[PDB]
Amino acid sequence: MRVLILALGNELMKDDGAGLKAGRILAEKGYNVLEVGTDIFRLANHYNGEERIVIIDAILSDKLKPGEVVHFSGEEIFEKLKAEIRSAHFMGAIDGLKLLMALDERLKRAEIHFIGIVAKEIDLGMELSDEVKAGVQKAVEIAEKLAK
């Protein structure tokens, strides 16, 4: 089992960089992390047949409070993103991810996991809010479990 972590988000929009910060922590810990940001086609050059993909992103929700973390996998991800969860970022990646899957059967069949970190302040700035720092920590914990 080889796991690839995809970190999504925009670091210049405060909590919208939560995914990237979690990714950087995982990268420092030795994990295979691709910083996608807002461009899924970065994956074309990076993917190496990994059987599990763990996507980490900043999200907006109203059922949940800031700093909260969600974790979905498989078909469940797309059912959730319909109503409950909002990540502009993964949404911006879906079409490109679909194309890359059409071009690589390993990617198409890979196990997909989504970790969403509920943002509080998605305004201009490079620092995370205190509530989302806590969220980054738990997102990192979930991802380490998925990456055995």
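The rules behind the values
- Residues numbered from 1 in each chain as written, not as in the entry; some residues may be left out.
- Heavy atoms only, no water.
- Residues with missing side-chain atoms left out of burial classes, pairs and counts.
- Helix = DSSP H or I, 4+ residues; strand = E, 2+ residues; numbered from the N terminus.
- Core = buried A, V, L, I, M, F, W, Y, C linked by side-chain atoms within 4.5 Å.
- Buried < 20%, exposed > 50% of the residue type's maximum accessible area, 1.4 Å probe, protein only.
- Contact = heavy atoms within 4.5 Å.
- Pairing = 2+ DSSP bridges.
- Salt bridge = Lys/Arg side-chain N within 4 Å of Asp/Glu carboxyl O.

### Some words on the overall build of the chain
Counting secondary structure elements, the chain contains five helices and five strands. Across the chain, helices and strands are ordered from the amino to the carboxyl terminus as β-α-β-β-β-α-α-α-β-α. For the chain, the spread of C-alpha atoms along the principal axes amounts to about 40 × 35 × 25 Å.

### Observations concerning the nonpolar core
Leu 6, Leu 43, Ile 53, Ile 55, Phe 90, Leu 107 and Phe 114 are the most contacted members of the largest nonpolar core, which has 27 residues in total. Looking at this core, the elements with two or more residues in it are β1 (3–8), β2 (33–37), β3 (52–59), β4 (69–73), α2 (76–82), α3 (88–103) and β5 (111–118). The biggest single contributor to this core is α3, with six residues. Leaving out residues up to four positions away in the same chain, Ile 55 has contacts with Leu 6, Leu 8, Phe 90, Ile 112, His 113, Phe 114 and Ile 115. If you look at the next biggest cluster of nonpolar residues, it comprises 20 residues, including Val 132, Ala 139, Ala 143 and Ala 147.

### A look at the pairing of β4
Because side chains alternate across β4, one face comprises the buried residues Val 70 and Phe 72, and the other comprises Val 69, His 71 and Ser 73, none of which is buried. Direction of pairing for β4 relative to β5: antiparallel, over a ladder of five bridges. Each residue of the ladder has a partner; that of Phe 72, found in β5, is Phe 114.

### With respect to helix α1 (residues 18–28)
Burial in α1 covers these residues: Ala 18, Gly 19, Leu 20, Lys 21, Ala 22, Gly 23 and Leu 26. Tucked inside the fold, the buried residues of α1 contact β1, β2, β3, β5 and α5 (130–146). Directly beyond the C-terminal end of α1, a positive phi value near 100 degrees is found at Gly 30.

### What to know about the pattern of salt bridges
In total, this model carries eleven salt bridges according to the counting rule given. Between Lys 120 and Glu 131 there is a salt bridge, with the nearest N and O atoms lying 3.2 Å from each other. Separated by eleven residues along the polypeptide, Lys 120 in the loop between β5 and α5 and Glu 131 in helix α5 bring together distant segments of the chain. Take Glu 131: its relative accessible area is 34%, and that puts it in the partly exposed class. A salt bridge links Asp 130 to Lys 133; the shortest N-O distance between them is 3.1 Å. One end of the pair, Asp 130, and the other, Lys 133, are both in helix α5, three residues apart, so they sit about a helical turn from each other. Looking at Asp 130, the relative accessible area reads 59%, which means it is exposed. One salt-bridge network, in which partners are shared between bridges, spans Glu 11, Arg 24 and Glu 35.

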